[PDB]
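Q: Please find one structure pasted underneath; my questions will follow.
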Amino acid sequence: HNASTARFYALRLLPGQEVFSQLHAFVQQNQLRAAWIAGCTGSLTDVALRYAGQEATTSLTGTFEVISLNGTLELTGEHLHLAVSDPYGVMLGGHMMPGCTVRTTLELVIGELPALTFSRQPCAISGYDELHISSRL
Amino acid sequence: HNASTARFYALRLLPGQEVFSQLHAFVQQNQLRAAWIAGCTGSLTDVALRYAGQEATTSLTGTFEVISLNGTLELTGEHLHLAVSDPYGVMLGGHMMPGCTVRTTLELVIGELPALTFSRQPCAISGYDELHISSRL
Amino acid sequence: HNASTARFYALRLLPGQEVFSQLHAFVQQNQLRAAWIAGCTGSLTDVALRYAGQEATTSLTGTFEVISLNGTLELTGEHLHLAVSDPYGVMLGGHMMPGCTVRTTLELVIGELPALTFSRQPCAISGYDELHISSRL
């Protein structure tokens, strides 16, 4: 039924740290196999996003607040989306890429589903490696 | 105290599937009585949103990334909000309506609160059927 | 490892209620020490946001839908971000401040991490009081 209890972790990233690398380090340290971002708040200086249907990554630098950071992650993969707001309330969003740097802080609550395992397997329909959910066993 | 442990489900919707119908099918299959979207990431082609205070639904078609999908759902009701971003980072958001179609994928982590039951009961204050939380018992 | 199980609460705020005060009342009533917004949907009339890097709070009044409300909260502190959409799909976001009032409803699922305790301690790096996570014990 792809059901499972959940174990949660709370963490705070520091100024200057790059988000993707830190999330991967956390996933590795705790050997998370089926995790997702359950909650997130903070700020960024550098932002790296890949807009819908775009192949290239867009790099931005400024004063940004993280409005939402959603998605799944595991030992060998992830799929995260980010939305940020600037000093005038304007928001931008897309597929989060490596390169986002913490401004003052990034608070996160990450959930792990012990009974499941996430992997990225080729989907003949979309043509990309998509989320595959199987029992941890 | 309206407190409860939570059971989580992970799922992936496929290209071409309509979100509301699939969420309802999942709710029905597992007989979820007090669920909420704990995490979500993906993409859409068709988007159906009802903007703030509007009576009519706005239908859009294009290349969109799902930035956030939040809300509650249960056997006989739901209340979900969606935010999407286009190929240029521009975002749009509102009350999600039936009609949103998956582009490449939609990854979801849904939580269910076994000790509670969600229902929609008339609120003399707002004038609409609002979320009512009671013990599962 | 800053890990913990989670206990969840579901609640609905009423028309006219101010969000910060109600969240604090809920935190106080249940003596929550390490909580976060796990899910949220609803509408607002008055919106109080502090944009990225800004010192002053921006006050708005109108017809808004809550697209996302994220962040942590505890007995003596909180850090929440809000994103809202107007009658034309336009979104605005920032650091949520006291002053946001419910329009028709605000549905929330709040998680509490029993094994942890959140506090705000001075960070010599950012220069502000930041999230500090310690064991509940």
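A note on labels: chains of the structure tokens are A, B, ... as shown, every chain counts residues from 1, and ligands are counted from 1 in their shown order.
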Produce a table with one row for each residue of range 82-105 of chain A that has an atom at most 7 Å from any atom of range 74-90 of chain B, each row naming the nearest atom pair and its distance in Å at one decimal; use only C-alpha atoms; arrange rows by chain and rising residue number; format as CSV.
A:
```
residue,atom,partner,partner_atom,distance
A:92,CA,B:89,CA,5.0
A:93,CA,B:89,CA,5.3
A:94,CA,B:85,CA,6.2
```
Q: Would you write out those residues with N, CA, C and O atoms, as a PDB file, in the first residue's frame?
A:
```pdb
ATOM      1  N   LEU A  92       9.526  33.841  -7.377  1.00  0.00           N
ATOM      2  CA  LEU A  92      10.054  33.103  -8.517  1.00  0.00           C
ATOM      3  C   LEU A  92      10.138  31.662  -8.047  1.00  0.00           C
ATOM      4  O   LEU A  92      10.427  31.413  -6.877  1.00  0.00           O
ATOM      5  N   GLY A  93       9.890  30.721  -8.948  1.00  0.00           N
ATOM      6  CA  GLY A  93       9.946  29.324  -8.565  1.00  0.00           C
ATOM      7  C   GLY A  93      10.321  28.398  -9.701  1.00  0.00           C
ATOM      8  O   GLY A  93      10.186  28.740 -10.879  1.00  0.00           O
ATOM      9  N   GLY A  94      10.798  27.216  -9.339  1.00  0.00           N
ATOM     10  CA  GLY A  94      11.180  26.239 -10.336  1.00  0.00           C
ATOM     11  C   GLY A  94      11.822  25.025  -9.702  1.00  0.00           C
ATOM     12  O   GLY A  94      11.761  24.834  -8.485  1.00  0.00           O
TER      13      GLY A  94
END
```
Q: Wanna dump the chain C-chain B contacts at 9 Å for me, each residue with its shortest atom pair and the distance in Å to one decimal, counting only C-alpha atoms, ordered by chain and number, as a tab-separated table?
A:
```
residue	atom	partner	partner_atom	distance
C:5	CA	B:5	CA	8.9
C:6	CA	B:5	CA	6.9
C:7	CA	B:5	CA	5.2
C:8	CA	B:4	CA	5.2
C:9	CA	B:3	CA	4.4
C:10	CA	B:2	CA	5.8
C:11	CA	B:2	CA	7.3
C:12	CA	B:131	CA	6.6
C:14	CA	B:125	CA	7.9
C:15	CA	B:126	CA	6.5
C:30	CA	B:1	CA	8.2
C:38	CA	B:38	CA	6.2
C:39	CA	B:70	CA	6.2
C:40	CA	B:71	CA	5.7
C:41	CA	B:71	CA	5.1
C:42	CA	B:81	CA	8.2
C:43	CA	B:52	CA	7.9
C:63	CA	B:52	CA	6.0
C:64	CA	B:52	CA	5.5
C:65	CA	B:52	CA	5.5
C:66	CA	B:81	CA	7.8
C:67	CA	B:81	CA	5.8
C:68	CA	B:70	CA	6.9
C:84	CA	B:93	CA	7.9
C:85	CA	B:93	CA	5.7
C:86	CA	B:52	CA	5.4
C:87	CA	B:52	CA	4.3
C:88	CA	B:51	CA	6.1
C:89	CA	B:92	CA	5.0
C:90	CA	B:92	CA	5.8
C:91	CA	B:92	CA	6.4
C:103	CA	B:126	CA	8.0
C:104	CA	B:126	CA	5.1
C:105	CA	B:130	CA	7.4
C:107	CA	B:131	CA	7.2
C:108	CA	B:71	CA	8.3
C:109	CA	B:36	CA	7.8
```
Q: Just need chain A moved onto chain C: least-squares over all Cα atoms matched in order, then output as a short mmCIF file (atom, residue, chain, number, x, y, z; two decimals) with N, CA and C atoms, in the first residue's frame.
A:
```
data_model
loop_
_atom_site.label_atom_id
_atom_site.label_comp_id
_atom_site.auth_asym_id
_atom_site.auth_seq_id
_atom_site.Cartn_x
_atom_site.Cartn_y
_atom_site.Cartn_z
N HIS A 1 21.10 12.74 16.96
CA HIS A 1 20.85 12.77 15.49
C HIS A 1 19.72 13.74 15.17
N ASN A 2 19.20 14.40 16.20
CA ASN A 2 18.11 15.35 16.04
C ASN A 2 16.90 14.67 15.39
N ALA A 3 16.73 13.38 15.68
CA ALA A 3 15.63 12.59 15.14
C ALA A 3 14.51 12.51 16.16
N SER A 4 13.30 12.19 15.70
CA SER A 4 12.16 12.10 16.61
C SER A 4 10.89 11.61 15.92
N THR A 5 9.98 11.03 16.69
CA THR A 5 8.71 10.62 16.12
C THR A 5 7.94 11.93 16.10
N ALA A 6 6.72 11.93 15.59
CA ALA A 6 5.94 13.16 15.57
C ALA A 6 4.50 12.91 15.97
N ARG A 7 3.91 13.90 16.63
CA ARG A 7 2.52 13.86 17.05
C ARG A 7 1.90 15.00 16.25
N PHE A 8 0.73 14.77 15.66
CA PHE A 8 0.10 15.80 14.85
C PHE A 8 -1.22 16.32 15.40
N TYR A 9 -1.50 17.59 15.13
CA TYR A 9 -2.73 18.22 15.57
C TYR A 9 -3.40 18.85 14.36
N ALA A 10 -4.72 18.78 14.30
CA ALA A 10 -5.46 19.39 13.20
C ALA A 10 -6.35 20.46 13.80
N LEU A 11 -6.40 21.63 13.18
CA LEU A 11 -7.25 22.68 13.70
C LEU A 11 -7.75 23.60 12.60
N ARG A 12 -8.82 24.32 12.91
CA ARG A 12 -9.40 25.25 11.96
C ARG A 12 -9.59 26.60 12.63
N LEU A 13 -9.00 27.65 12.07
CA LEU A 13 -9.16 28.99 12.62
C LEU A 13 -10.41 29.59 12.00
N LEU A 14 -11.05 30.50 12.72
CA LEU A 14 -12.29 31.12 12.27
C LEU A 14 -12.17 32.52 11.68
N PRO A 15 -13.18 32.95 10.92
CA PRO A 15 -13.18 34.28 10.31
C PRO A 15 -12.90 35.37 11.34
N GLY A 16 -12.01 36.30 10.98
CA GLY A 16 -11.70 37.39 11.89
C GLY A 16 -10.57 37.14 12.87
N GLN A 17 -10.20 35.89 13.10
CA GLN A 17 -9.12 35.60 14.04
C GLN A 17 -7.77 35.96 13.43
N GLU A 18 -6.84 36.39 14.27
CA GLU A 18 -5.50 36.76 13.83
C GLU A 18 -4.64 35.51 14.00
N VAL A 19 -3.94 35.13 12.94
CA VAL A 19 -3.13 33.91 12.93
C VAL A 19 -2.04 33.72 13.98
N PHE A 20 -1.17 34.72 14.14
CA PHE A 20 -0.09 34.60 15.11
C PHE A 20 -0.60 34.36 16.53
N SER A 21 -1.59 35.14 16.95
CA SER A 21 -2.13 34.98 18.29
C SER A 21 -2.75 33.60 18.49
N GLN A 22 -3.47 33.10 17.49
CA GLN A 22 -4.10 31.79 17.60
C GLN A 22 -3.06 30.68 17.63
N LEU A 23 -2.02 30.80 16.81
CA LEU A 23 -0.98 29.78 16.81
C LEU A 23 -0.28 29.75 18.17
N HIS A 24 -0.02 30.93 18.73
CA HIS A 24 0.62 31.00 20.05
C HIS A 24 -0.28 30.39 21.11
N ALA A 25 -1.58 30.65 21.03
CA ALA A 25 -2.52 30.10 22.00
C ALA A 25 -2.51 28.57 21.91
N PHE A 26 -2.43 28.04 20.69
CA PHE A 26 -2.41 26.59 20.51
C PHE A 26 -1.12 26.00 21.07
N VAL A 27 -0.01 26.67 20.78
CA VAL A 27 1.29 26.23 21.28
C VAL A 27 1.28 26.23 22.82
N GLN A 28 0.72 27.27 23.41
CA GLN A 28 0.65 27.37 24.87
C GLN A 28 -0.25 26.30 25.47
N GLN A 29 -1.44 26.14 24.91
CA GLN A 29 -2.38 25.15 25.42
C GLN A 29 -1.80 23.75 25.44
N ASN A 30 -1.08 23.38 24.39
CA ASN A 30 -0.51 22.05 24.32
C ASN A 30 0.96 21.99 24.70
N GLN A 31 1.50 23.12 25.15
CA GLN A 31 2.90 23.21 25.55
C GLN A 31 3.83 22.57 24.52
N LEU A 32 3.68 22.98 23.26
CA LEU A 32 4.51 22.46 22.19
C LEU A 32 5.92 23.06 22.30
N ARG A 33 6.94 22.21 22.22
CA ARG A 33 8.32 22.66 22.35
C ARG A 33 9.16 22.55 21.07
N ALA A 34 8.66 21.84 20.07
CA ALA A 34 9.39 21.68 18.81
C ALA A 34 8.39 21.33 17.72
N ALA A 35 7.65 22.34 17.28
CA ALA A 35 6.61 22.15 16.28
C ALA A 35 6.90 22.80 14.93
N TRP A 36 6.14 22.39 13.92
CA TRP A 36 6.30 22.98 12.59
C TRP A 36 4.97 22.86 11.86
N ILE A 37 4.76 23.71 10.86
CA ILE A 37 3.52 23.64 10.10
C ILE A 37 3.68 22.55 9.05
N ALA A 38 2.96 21.44 9.24
CA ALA A 38 3.05 20.32 8.32
C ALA A 38 2.11 20.46 7.12
N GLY A 39 1.09 21.30 7.27
CA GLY A 39 0.14 21.49 6.18
C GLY A 39 -0.77 22.67 6.48
N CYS A 40 -1.16 23.42 5.46
CA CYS A 40 -2.03 24.57 5.68
C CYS A 40 -2.74 25.04 4.42
N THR A 41 -4.00 25.42 4.58
CA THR A 41 -4.79 25.93 3.47
C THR A 41 -5.86 26.85 4.05
N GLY A 42 -6.24 27.88 3.30
CA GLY A 42 -7.25 28.79 3.79
C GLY A 42 -7.27 30.13 3.09
N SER A 43 -7.82 31.14 3.75
CA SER A 43 -7.92 32.47 3.17
C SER A 43 -7.70 33.57 4.20
N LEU A 44 -7.27 34.74 3.73
CA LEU A 44 -7.02 35.87 4.61
C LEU A 44 -7.59 37.16 4.04
N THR A 45 -7.82 38.12 4.93
CA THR A 45 -8.31 39.43 4.54
C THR A 45 -7.13 40.38 4.73
N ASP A 46 -6.62 40.45 5.96
CA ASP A 46 -5.47 41.28 6.24
C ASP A 46 -4.22 40.41 6.17
N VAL A 47 -3.16 40.94 5.57
CA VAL A 47 -1.90 40.22 5.45
C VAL A 47 -0.78 41.11 5.94
N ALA A 48 0.07 40.56 6.80
CA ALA A 48 1.21 41.28 7.35
C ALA A 48 2.47 40.49 7.01
N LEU A 49 3.29 41.03 6.11
CA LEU A 49 4.51 40.36 5.69
C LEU A 49 5.71 41.28 5.80
N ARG A 50 6.88 40.69 6.02
CA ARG A 50 8.11 41.45 6.07
C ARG A 50 8.91 40.87 4.91
N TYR A 51 9.09 41.66 3.86
CA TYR A 51 9.81 41.18 2.69
C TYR A 51 11.30 40.97 2.96
N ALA A 52 11.93 40.17 2.10
CA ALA A 52 13.35 39.85 2.23
C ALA A 52 14.25 41.05 2.48
N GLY A 53 15.02 40.98 3.56
CA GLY A 53 15.95 42.04 3.90
C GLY A 53 15.35 43.35 4.39
N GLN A 54 14.02 43.41 4.44
CA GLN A 54 13.34 44.62 4.89
C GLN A 54 13.20 44.62 6.41
N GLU A 55 13.19 45.81 7.00
CA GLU A 55 13.06 45.96 8.44
C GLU A 55 11.60 46.22 8.80
N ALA A 56 10.91 46.95 7.93
CA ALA A 56 9.51 47.29 8.16
C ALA A 56 8.56 46.23 7.64
N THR A 57 7.39 46.17 8.26
CA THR A 57 6.36 45.22 7.88
C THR A 57 5.43 45.87 6.87
N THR A 58 5.01 45.10 5.88
CA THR A 58 4.09 45.57 4.85
C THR A 58 2.71 45.03 5.19
N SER A 59 1.73 45.92 5.27
CA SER A 59 0.37 45.53 5.58
C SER A 59 -0.52 45.63 4.36
N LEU A 60 -1.24 44.55 4.08
CA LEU A 60 -2.14 44.50 2.94
C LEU A 60 -3.53 44.07 3.40
N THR A 61 -4.55 44.53 2.68
CA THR A 61 -5.92 44.17 2.99
C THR A 61 -6.61 43.88 1.67
N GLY A 62 -7.35 42.78 1.61
CA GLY A 62 -8.03 42.43 0.38
C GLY A 62 -8.64 41.04 0.47
N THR A 63 -8.61 40.33 -0.65
CA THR A 63 -9.15 38.98 -0.72
C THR A 63 -7.98 38.09 -1.12
N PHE A 64 -7.47 37.33 -0.16
CA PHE A 64 -6.31 36.47 -0.40
C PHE A 64 -6.52 35.01 -0.05
N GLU A 65 -5.84 34.13 -0.79
CA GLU A 65 -5.88 32.70 -0.52
C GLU A 65 -4.50 32.39 0.04
N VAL A 66 -4.43 31.54 1.05
CA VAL A 66 -3.14 31.15 1.60
C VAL A 66 -2.66 29.99 0.74
N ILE A 67 -1.56 30.20 0.03
CA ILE A 67 -1.01 29.16 -0.84
C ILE A 67 -0.10 28.25 -0.03
N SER A 68 0.71 28.86 0.83
CA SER A 68 1.60 28.09 1.69
C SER A 68 1.96 28.87 2.94
N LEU A 69 2.07 28.15 4.05
CA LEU A 69 2.44 28.72 5.33
C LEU A 69 3.40 27.69 5.90
N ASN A 70 4.68 28.05 5.96
CA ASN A 70 5.72 27.14 6.42
C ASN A 70 6.56 27.69 7.56
N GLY A 71 7.16 26.79 8.32
CA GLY A 71 8.00 27.24 9.41
C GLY A 71 7.89 26.46 10.69
N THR A 72 8.68 26.89 11.65
CA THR A 72 8.73 26.25 12.95
C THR A 72 8.15 27.16 14.01
N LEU A 73 7.76 26.57 15.13
CA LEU A 73 7.23 27.35 16.24
C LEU A 73 7.37 26.55 17.52
N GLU A 74 7.43 27.27 18.64
CA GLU A 74 7.56 26.63 19.94
C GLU A 74 7.07 27.58 21.02
N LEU A 75 7.10 27.14 22.27
CA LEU A 75 6.62 27.96 23.39
C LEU A 75 7.03 29.43 23.38
N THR A 76 8.30 29.70 23.13
CA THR A 76 8.78 31.08 23.16
C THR A 76 9.36 31.64 21.87
N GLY A 77 8.88 31.16 20.73
CA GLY A 77 9.40 31.66 19.47
C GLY A 77 8.80 30.98 18.26
N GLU A 78 9.12 31.51 17.09
CA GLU A 78 8.63 30.95 15.84
C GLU A 78 9.34 31.63 14.68
N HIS A 79 9.21 31.02 13.50
CA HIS A 79 9.81 31.55 12.29
C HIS A 79 8.94 31.00 11.17
N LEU A 80 7.98 31.81 10.73
CA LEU A 80 7.04 31.40 9.70
C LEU A 80 7.06 32.26 8.45
N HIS A 81 6.90 31.63 7.29
CA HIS A 81 6.86 32.33 6.02
C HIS A 81 5.50 32.06 5.39
N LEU A 82 4.95 33.07 4.72
CA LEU A 82 3.64 32.97 4.10
C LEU A 82 3.64 33.40 2.64
N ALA A 83 2.83 32.72 1.84
CA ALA A 83 2.67 33.05 0.42
C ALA A 83 1.17 33.13 0.19
N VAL A 84 0.71 34.23 -0.42
CA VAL A 84 -0.71 34.39 -0.69
C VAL A 84 -0.93 34.75 -2.16
N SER A 85 -2.13 34.46 -2.66
CA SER A 85 -2.51 34.77 -4.04
C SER A 85 -3.77 35.63 -4.01
N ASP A 86 -3.86 36.59 -4.93
CA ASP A 86 -5.03 37.47 -4.97
C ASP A 86 -6.08 37.02 -5.99
N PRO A 87 -7.17 37.80 -6.15
CA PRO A 87 -8.23 37.42 -7.10
C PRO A 87 -7.82 37.26 -8.56
N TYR A 88 -6.57 37.58 -8.87
CA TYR A 88 -6.11 37.48 -10.25
C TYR A 88 -4.92 36.52 -10.40
N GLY A 89 -4.71 35.70 -9.37
CA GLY A 89 -3.65 34.71 -9.40
C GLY A 89 -2.27 35.19 -8.98
N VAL A 90 -2.12 36.51 -8.84
CA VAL A 90 -0.84 37.10 -8.46
C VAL A 90 -0.45 36.73 -7.03
N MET A 91 0.80 36.33 -6.85
CA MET A 91 1.27 35.93 -5.54
C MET A 91 2.29 36.88 -4.92
N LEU A 92 2.30 36.90 -3.59
CA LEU A 92 3.21 37.74 -2.81
C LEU A 92 3.65 36.86 -1.65
N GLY A 93 4.90 37.01 -1.22
CA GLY A 93 5.38 36.20 -0.12
C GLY A 93 6.47 36.88 0.70
N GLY A 94 6.64 36.40 1.92
CA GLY A 94 7.65 36.95 2.79
C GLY A 94 7.58 36.35 4.18
N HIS A 95 8.29 36.97 5.11
CA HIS A 95 8.34 36.55 6.50
C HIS A 95 7.00 36.97 7.12
N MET A 96 6.23 36.00 7.61
CA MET A 96 4.93 36.32 8.19
C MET A 96 5.06 37.06 9.52
N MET A 97 4.26 38.12 9.66
CA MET A 97 4.26 38.94 10.86
C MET A 97 2.89 38.93 11.52
N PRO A 98 2.80 39.41 12.77
CA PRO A 98 1.49 39.43 13.42
C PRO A 98 0.60 40.38 12.62
N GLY A 99 -0.68 40.07 12.52
CA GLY A 99 -1.56 40.94 11.76
C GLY A 99 -2.33 40.29 10.63
N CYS A 100 -2.06 39.01 10.37
CA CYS A 100 -2.78 38.31 9.31
C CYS A 100 -4.12 37.85 9.88
N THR A 101 -5.22 38.20 9.22
CA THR A 101 -6.54 37.81 9.72
C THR A 101 -7.25 36.84 8.79
N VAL A 102 -7.87 35.82 9.38
CA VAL A 102 -8.58 34.81 8.62
C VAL A 102 -9.81 35.39 7.92
N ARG A 103 -10.00 35.02 6.65
CA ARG A 103 -11.16 35.50 5.90
C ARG A 103 -12.31 34.53 6.10
N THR A 104 -12.21 33.32 5.53
CA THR A 104 -13.26 32.33 5.70
C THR A 104 -12.80 31.17 6.59
N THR A 105 -11.53 30.81 6.49
CA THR A 105 -11.02 29.70 7.28
C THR A 105 -9.51 29.56 7.11
N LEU A 106 -8.90 28.83 8.03
CA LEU A 106 -7.48 28.50 7.96
C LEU A 106 -7.39 27.10 8.56
N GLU A 107 -7.08 26.13 7.71
CA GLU A 107 -6.96 24.74 8.14
C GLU A 107 -5.49 24.45 8.31
N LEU A 108 -5.14 23.85 9.44
CA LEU A 108 -3.75 23.57 9.74
C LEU A 108 -3.50 22.19 10.31
N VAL A 109 -2.36 21.61 9.95
CA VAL A 109 -1.94 20.34 10.51
C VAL A 109 -0.58 20.72 11.08
N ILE A 110 -0.45 20.64 12.39
CA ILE A 110 0.79 21.01 13.04
C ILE A 110 1.47 19.78 13.63
N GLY A 111 2.76 19.66 13.38
CA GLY A 111 3.51 18.54 13.92
C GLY A 111 4.33 18.99 15.11
N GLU A 112 4.49 18.09 16.07
CA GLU A 112 5.28 18.34 17.28
C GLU A 112 6.27 17.17 17.37
N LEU A 113 7.53 17.47 17.68
CA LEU A 113 8.58 16.46 17.78
C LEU A 113 8.90 16.26 19.26
N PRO A 114 8.24 15.29 19.91
CA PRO A 114 8.42 14.98 21.34
C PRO A 114 9.84 14.78 21.85
N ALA A 115 10.73 14.27 21.00
CA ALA A 115 12.10 14.02 21.43
C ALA A 115 13.02 15.23 21.36
N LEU A 116 12.53 16.32 20.78
CA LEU A 116 13.34 17.52 20.63
C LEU A 116 12.75 18.76 21.29
N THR A 117 13.57 19.81 21.35
CA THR A 117 13.17 21.09 21.90
C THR A 117 13.79 22.18 21.03
N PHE A 118 12.96 23.12 20.57
CA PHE A 118 13.44 24.23 19.76
C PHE A 118 13.62 25.47 20.62
N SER A 119 14.68 26.21 20.35
CA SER A 119 14.93 27.46 21.06
C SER A 119 15.62 28.38 20.07
N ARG A 120 15.66 29.67 20.37
CA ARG A 120 16.31 30.64 19.50
C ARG A 120 17.54 31.15 20.24
N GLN A 121 18.72 30.81 19.73
CA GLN A 121 19.97 31.21 20.36
C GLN A 121 20.78 32.10 19.42
N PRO A 122 21.50 33.08 19.97
CA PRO A 122 22.30 33.98 19.13
C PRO A 122 23.33 33.25 18.26
N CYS A 123 23.33 33.59 16.97
CA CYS A 123 24.28 33.00 16.03
C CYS A 123 25.33 34.06 15.72
N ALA A 124 26.58 33.78 16.06
CA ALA A 124 27.65 34.74 15.80
C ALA A 124 27.87 34.94 14.30
N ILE A 125 27.37 34.00 13.50
CA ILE A 125 27.53 34.09 12.05
C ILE A 125 26.50 35.01 11.40
N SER A 126 25.21 34.76 11.62
CA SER A 126 24.17 35.59 11.02
C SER A 126 23.92 36.88 11.79
N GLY A 127 24.15 36.84 13.10
CA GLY A 127 23.93 38.02 13.92
C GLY A 127 22.52 38.10 14.50
N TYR A 128 21.75 37.04 14.32
CA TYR A 128 20.37 36.99 14.82
C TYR A 128 20.19 35.75 15.69
N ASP A 129 19.05 35.66 16.38
CA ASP A 129 18.78 34.49 17.19
C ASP A 129 18.26 33.46 16.20
N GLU A 130 18.95 32.33 16.11
CA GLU A 130 18.56 31.29 15.16
C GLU A 130 18.11 30.01 15.85
N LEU A 131 17.50 29.13 15.07
CA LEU A 131 17.00 27.87 15.58
C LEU A 131 18.09 26.99 16.18
N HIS A 132 17.87 26.57 17.42
CA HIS A 132 18.79 25.69 18.13
C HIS A 132 17.96 24.47 18.50
N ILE A 133 18.47 23.29 18.14
CA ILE A 133 17.76 22.05 18.40
C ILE A 133 18.50 21.20 19.42
N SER A 134 17.82 20.86 20.50
CA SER A 134 18.42 20.04 21.54
C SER A 134 17.45 18.95 21.96
N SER A 135 17.96 17.96 22.68
CA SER A 135 17.14 16.85 23.15
C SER A 135 16.15 17.31 24.22
N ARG A 136 14.94 16.76 24.18
CA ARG A 136 13.90 17.12 25.15
C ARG A 136 14.34 16.65 26.54
N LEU A 137 14.74 15.38 26.63
CA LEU A 137 15.19 14.77 27.88
C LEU A 137 14.41 15.22 29.11
#
```
Q: Would you list, as a list in words, the residues of range 93-132 of chain C that end up in strand (DSSP E or B) under DSSP run on this structure's backbone?
A: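 Listing strand (DSSP E or B) positions across range 93-132 of chain C yields residues 93, 94, 95, 96, 101, 102, 103, 104, 105, 106, 107, 108, 109, 110, 111, 112, 116, 117, 118, 119, 120, 121, 122, 129, 130, 131 and 132 of chain C.
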